[PDB]
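Asks: make a model of this:
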Amino acid sequence: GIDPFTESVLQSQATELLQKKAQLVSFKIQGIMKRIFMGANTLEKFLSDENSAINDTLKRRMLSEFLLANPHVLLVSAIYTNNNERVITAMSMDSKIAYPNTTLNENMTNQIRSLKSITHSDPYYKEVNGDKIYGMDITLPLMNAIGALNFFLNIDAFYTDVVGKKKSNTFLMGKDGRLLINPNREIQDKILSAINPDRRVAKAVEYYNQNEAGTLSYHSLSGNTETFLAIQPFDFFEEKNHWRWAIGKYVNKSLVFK
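Replies: Numbers count the residues shown, from 1 in each chain. Okay, here it is:
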């Protein structure tokens, strides 16, 4: 406390460690998401093939295998709009893969036929078997499009990837400071600046918007104290803003400085 040398050393050490840990979490998430999108690309080639010996049954098998390999995906749907309009859906709930019957509504329909690049929805709670599951829809055009591939990314399935096996001071942030994952589940889907008066939050969101890693001092909700907070932004999808998340990790100044 009394010593500026010690303080500088301890601070620098603690904020470097914070950033290192946040980078590891984000790298793990990116790896998970890379596998999702690679598989979705593979599925798109099979589901959109002109001259296929593949019937709806074998399409179902491949969709269910996608789910087996990617447990962070709750369901996946091959939606055809061209002719013989139909929805083929595999869904993974509990440990069993079902094939619910979806009828294509005019809501989904035209959005799909004019679709010419990948999109995603805003995060939302989907009701399933009386439970709300936090996630988002991701939609790829079946290629001029003959229909669409849609899957529901289960954001809740990333809970342990973000927070760890033990509770920790780690969260996943989305657009404008929205909390996608938080150890305190009840502040999920909340805007951070709307539930935290600390105006240094803006600098967090700004690190996010600028897309570089950075640290800042920050008053936490879960600890109600002064912390260092690291922000690690990363794209959860790569094309060549819209597909950007960030890991937040923080530590009590009272702990850093003895």
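Asks: tell me the centre residue of this structure?
Replies: Centroid-nearest residue in the chain, with C-alpha atoms, centre = their mean: residue 155, separated by 5.2 Å.
Asks: and that one, how far from residue 118?
Replies: 18 Å (C-beta to C-beta, to the nearest Å). All C-beta atoms are positioned from the backbone trio N, CA, C, and that covers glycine.
Asks: again with residue 41
Replies: Residue 41 sits 10 Å away from residue 118, going by C-beta to C-beta.
Asks: now the common contact residues for the two.
Replies: Common neighbours of residue 41 and residue 118 are listed as residue 140 (criterion: C-beta atoms under 8 Å, 6 or more residues apart in numbering).
Asks: quick one: the strands in the stretch 151-258 of the chain?
Replies: 170-173, 179-181, 214-219, 226-235, 244-252 (DSSP state E, counting those that start in this stretch).
Asks: ok, which of those strands comes nearest residue 125?
Replies: strand 179-181 (12.1 Å; C-beta to C-beta).
Asks: sheet-wise, list the partners of the closest one with their directions.
Replies: strand 170-173 (antiparallel) (DSSP bridges).
Asks: show me the contact partners of the partner strand.
Replies: 22, 25, 29, 155, 158, 162-164, 179-183, 192, 204, 208, 231, 245-249.
Asks: ok, the top strand by length along the chain: who's next to it in the sheet?
Replies: When the chain is parsed with DSSP state E, its longest strand is strand 131-142. Sheet pairing of strand 131-142 (DSSP bridges) gives strand 119-120 (antiparallel), strand 124-128 (antiparallel), strand 147-154 (antiparallel).
Asks: got the CA coordinates for that strand in PDB?
Replies: Only the C-alpha atoms of strand 131-142 are listed here, as PDB (Å, rounded to 0.1, in the frame of the first residue of the first chain):
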ATOM      1  CA  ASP A 131     -37.800 -24.400 -20.100                       C
ATOM      2  CA  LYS A 132     -36.200 -21.300 -21.400                       C
ATOM      3  CA  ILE A 133     -32.900 -21.800 -23.200                       C
ATOM      4  CA  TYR A 134     -30.800 -18.800 -24.000                       C
ATOM      5  CA  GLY A 135     -29.400 -18.800 -27.500                       C
ATOM      6  CA  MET A 136     -29.500 -17.500 -31.000                       C
ATOM      7  CA  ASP A 137     -30.500 -18.700 -34.500                       C
ATOM      8  CA  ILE A 138     -27.900 -18.800 -37.100                       C
ATOM      9  CA  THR A 139     -29.000 -19.200 -40.700                       C
ATOM     10  CA  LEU A 140     -27.100 -20.100 -43.800                       C
ATOM     11  CA  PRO A 141     -28.700 -19.900 -47.300                       C
ATOM     12  CA  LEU A 142     -29.000 -23.100 -49.200                       C
END
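Asks: what residues does that strand touch?
Replies: Contacts of strand 131-142 (C-beta under 8 Å, 6+ apart): 40-41, 44, 47-48, 74, 78-80, 112, 115-126, 147-156, 180, 188-189.
Asks: my guess is the residue nearest to the centre of the chain contacts residue 180. True?
Replies: Yes: here residue 155 reaches residue 180: they are 5.5 Å apart, a contact under C-beta atoms under 8 Å.
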